[PDB]
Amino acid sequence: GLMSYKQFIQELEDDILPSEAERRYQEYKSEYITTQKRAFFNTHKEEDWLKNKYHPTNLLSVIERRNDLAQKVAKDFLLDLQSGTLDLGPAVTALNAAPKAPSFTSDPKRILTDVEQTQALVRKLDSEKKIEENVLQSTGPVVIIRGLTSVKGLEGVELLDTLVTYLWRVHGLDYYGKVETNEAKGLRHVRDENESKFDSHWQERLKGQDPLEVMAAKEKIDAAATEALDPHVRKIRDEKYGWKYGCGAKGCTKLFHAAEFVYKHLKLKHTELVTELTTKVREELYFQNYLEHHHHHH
């Protein structure tokens, strides 16, 4: 446990110095916390719970399970919409009292704004997750549901509630709660300072990328993995055909016409030479994600 200032002083009070004390306690604080965080990492670094949160390799398949689940859940969500069998309750999986939003949400003009943003988010996250067909994605937006038995038009609050629910059930995005988690649970939030940030939050979300995908940083990792392989790709001029690129592993004599071709070849015919050349970046990023994104109690 982190010593309060009061307690730290005591094993020094022999020849006291007020400002040497503050220097040392600050140092103590700094060193304690860095060390606790490493300790915790080293206790759990091996467990899958932690790896599924911060490790770039695991993340990739966390994303693939997420997407598959979502596609199937959207299929189902839309079926109940189509049959008028759908519930707009605040549960994550309903038929299977809630936290309230900052009351700037009472506003009926808010509704017109929320419908666009909401439909914008559904479009974004559907693309991210490869959900391809969705009816839910001058005037405000109108959606017509050609059902089994009969049609339903959706326009204002009803369209809004359908969309908000969709976001929560399929994408674990709690619109009114300004939060999205990978395996959301429980009840989503129902209906100046707050209002400018609310839009900002969701607007930058519309601009950026999937949080999980950002964690996973696959681009960054492929880049770093390719760089590590450079020493093992011989560049050679051909007498006629420009540059040919030769594989620099041992026992091996294969020749390729582009550099990407050698990289691809290396992680298929020299798996372990690659694994050995690329472990550090993966595991350093693992460590870095944990440090940045994990709530530590101190």
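So that there is no doubt, residue numbering starts at 1 and follows the sequence shown.
- The entry shows an unbroken chain from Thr165 to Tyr166, with no unmodelled residues of the deposited sequence in between.
- In the deposited entry, the stretch joining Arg191 to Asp192 is interrupted by 10 or more residues of the deposited sequence lacking coordinates.
- In this entry, 248-256 shows the higher mean Cα temperature factor of the pair 49-57 and 248-256.
- Looking at mean Cα B-factors across 280-288 and 6-14, the upper value is held by 6-14.
- Ranking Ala224, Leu136, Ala91, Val73 by Cα temperature factor from the entry places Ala91 first.
- Of the candidates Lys124, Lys100, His171, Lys220, the PDB record gives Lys100 the highest C-alpha temperature factor.
- When all modelled residues of the chain are sorted by CA temperature factor, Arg205 is found within the middle third.
- Annotation for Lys269: C-alpha temperature factor in the middle third relative to the rest of the modelled chain, per the entry.
- Per the deposited record, the Cα B-factor of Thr113 falls in the middle third when ranked against the other modelled residues of its chain.
- Looking at the C-alpha B-factors along this chain, the one for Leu95 belongs to the highest third.
- Annotation for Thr105: CA B-factor lies in the highest third of the chain's modelled residues.
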